[PDB]
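Since the structure comes first, as structure tokens, the remarks are kept for the end.
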Amino acid sequence: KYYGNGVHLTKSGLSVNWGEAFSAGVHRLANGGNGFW
């Protein structure tokens with residue numbers, strides 16, 4: 001999803017952008033460390 005170089009993404013919604021990337025990342029963190037399967 002190359003929505004530009006990144007400069008426009010900052011002024012646009014750097015806050016909503018970072019927070020969105022973190023959410024998805026949380027799933028990877030949870031399903032990685034421990035596991036009963």
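Here PDB author numbering is used: position 25 in the sequence shown is 25, and no number is missing along the way.
Don't be surprised by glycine CBs; every beta carbon is placed ideally from N, CA and C.
- With a contact defined as Cβ atoms closer than 8 Å, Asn17 and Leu9 qualify at about 6 Å.
- DSSP places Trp37 outside both helix and strand once states are collapsed to three, so it counts as coil.
- Exclusion of the five residues before and after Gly35 leaves no residue of its chain whose Cβ lies closer than 8 Å to its Cβ.
- Boundaries of the alpha helix (DSSP H) harbouring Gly25: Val7 to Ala30, taken from the DSSP string.
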